[PDB]
Amino acid sequence: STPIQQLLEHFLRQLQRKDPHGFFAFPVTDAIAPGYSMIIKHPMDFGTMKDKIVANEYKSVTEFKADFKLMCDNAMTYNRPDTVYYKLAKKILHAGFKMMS
Amino acid sequence: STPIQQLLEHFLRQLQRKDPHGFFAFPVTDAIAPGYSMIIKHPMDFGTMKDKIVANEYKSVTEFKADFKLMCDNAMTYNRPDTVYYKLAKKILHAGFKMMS
Amino acid sequence: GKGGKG
């Protein structure tokens, strides 16, 4: 388990704790989110980001942070501003980057 | 049986012909649009207008055109800009106002 | 086919 693997494993638990309901835990589907895959071209979530961590696919902190901002962005785009959903993404996004600095 | 009734009836028929799927045919439920009753404050649909016509509740073309506009403005607020609904709504608002003059 | 997630 590489040093980069320990840092990211740490950042992940730190982020995923900002999201007590699991909104981000798992890949969204169009069943649960109508027309989702006809707006968001590169989908993301925590559970995917965890699986790449394990897989050693992240060769730096910068690339882990790009997935985070990918998953945050995706949500602000799909969801309306007045939603629980867009608001957690927008909050968690600016905190996240700072925490990881 | 009134003349205002006769005019309203035909603007309705004409307006509704532009809604093949009757997306605007009925009241909207929260079951088919999560958040709806808390983001839209005064519901309107073509089924609901049909009945206010039959009950002489419109007194002027002005009043009737008001509700029509309240229907498109509810769809264009709730639905994302890319959907069949937001599009349909904007189309019919401009064209239906064009028609009634 | 209408709306967001809910």
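Below, chains carry the letters A, B, ... as their sequence lines are ordered, and counting in each starts from 1. The analysis underlying the following values was restricted to heavy atoms, covering all of them including side chains, and did not include hydrogens, waters or symmetry mates.
Residues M71(B) and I32(B) are members of separate hydrophobic clusters, defined by side-chain heavy-atom contacts under 4.5 angstrom among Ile, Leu, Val, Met, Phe, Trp and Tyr. Criterion: ILVMFWY side-chain heavy atoms under 4.5 Å apart, direct or through other members. Under it, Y85(B) and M44(B) are part of a common hydrophobic cluster. Under the 4.5 Å side-chain heavy-atom criterion for grouping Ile, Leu, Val, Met, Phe, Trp and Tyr, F68(B) is connected to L70(B) within one hydrophobic cluster. In terms of hydrophobic clustering, with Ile, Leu, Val, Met, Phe, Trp and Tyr side chains grouped at heavy-atom distances under 4.5 Å, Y58(B) and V61(B) are assigned to a common cluster.
Formation of a donor-acceptor pair under 3.5 Å by the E9(B) side chain with backbone atoms of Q5(B) is not found in this model. Checked by atom type and distance alone, the side chain of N74(B) never pairs as donor or acceptor with a backbone atom of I40(B) at under 3.5 Å. Judged by distance alone, the side chain of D45(A) and the main-chain N or O of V28(A) form no donor-acceptor pair under 3.5 Å. The backbone N or O of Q6(B) sits nowhere less than 3.5 Å from a side-chain atom of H10(B) that would complete a donor-acceptor pair.
Of the residues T77(A), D82(A), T83(A), the one that meets the side chain to side chain contact (heavy atoms under 4.5 Å, CB included) test with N79(A) is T83(A).
Every side-chain contact (heavy atoms from CB on, under 4.5 Å) that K59(B) has, sequence neighbours left out, goes to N56(B), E63(B). When the ring-ring contact (aromatic ring centres under 6.0 Å, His included) test is applied to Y86(A), no partner is found at least two apart in sequence or on another chain.
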> How far apart are the C-alpha atoms of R17(B) and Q14(B), what are their side-chain angles, what is the distance that settles it, and do they pass the side-chain hydrogen bond (donor to acceptor under 3.5 Å, both in side chains) test?
Replying inline: CA-CA 5 Å; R17(B) 280 174 66 216; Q14(B) 283 267 74; 3.0 Å; yes
